[PDB]
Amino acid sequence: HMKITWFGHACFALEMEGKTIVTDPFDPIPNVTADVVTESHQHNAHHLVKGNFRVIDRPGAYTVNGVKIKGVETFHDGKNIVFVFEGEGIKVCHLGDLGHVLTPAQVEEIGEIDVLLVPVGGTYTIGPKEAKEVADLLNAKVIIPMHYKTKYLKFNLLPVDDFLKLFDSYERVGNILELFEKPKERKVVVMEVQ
C-alpha cells in the first residue's frame, strides 16, 4: 500500500512504510509532516514542511527510516537530481526538471520503475514524446505527468493533453492517488490540486 498526494508544481507527499517523503516543496502551502525531503535542484523552499526530516539534495544511495532512496544526477554544468524511492516492493521515480531523454547509464542506474513522475511541458523540460520515450525506457506502469500548462503558469508550456494523446487510455483523479498493490499494467494518471 502507498499514497501519493500532489500539492502542485513538482511537490508530492509519498507515504510508504509508515514514513512520508516530500519532493521539491515550494512557497497553497503543503501542510505535511515529513521524514524525508528531496530536492531535484538547489534554490529555502522546505522551511515550512513539518517533522524532523532528512533533506537529500545530492546524488547517491541513502537509507532513511527503512526506505531506500537513490539520487541520480542527469545534469550538472545548476543541476537535476532524479530520485528513486524503493518501498513496499514499489519503485517510485521523480524525474525533477529532466531536460533530455535519459542516457543508457542513467536508465541503467534508475532501473525499472513502477510509478513515474515525469515532466511533459517541453521547453524548460522534456516534451510529451520524449516523456513517453523515457517512460518506455524505465518500463513505467503508473505514469503521472507534471510541469505542463496551468491557468497561471502557461508561457511556453504545452498542455497535458499533448502527452495524453500518445496513449490509449488515461484516468483523472484529484489530489490523492492510493495504490493497494504493485501496478500490473500501464496507466497514465492525471492528478489535480484540490
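Quick note: we count residues from 1 along the sequence shown, nothing fancier.
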>> Unmodelled residues of the deposited sequence between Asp27 and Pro28: none, 1 to 3, 4 to 9, or 10 or more?
In response: 4 to 9
> In the PDB record, does 103-111 or 78-86 carry the higher mean Cα temperature factor?
Replying inline: 78-86
> Comparing 151-159 with 59-67, which has the greater mean CA B-factor as deposited?
Replying inline: 59-67
> Looking at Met16, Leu177, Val22, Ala10, which has the highest CA B-factor as recorded?
Replying inline: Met16
> Whose CA atom has the top B-factor in the entry, of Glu39, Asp35, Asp168, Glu130?
Replying inline: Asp168
>> Among the modelled residues of this chain, does the Cα B factor of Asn31 put it in the lowest, middle or highest third?
In response: highest
> Which third of the chain holds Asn44 when residues are ordered by C-alpha B factor: lowest, middle or highest?
Replying inline: highest
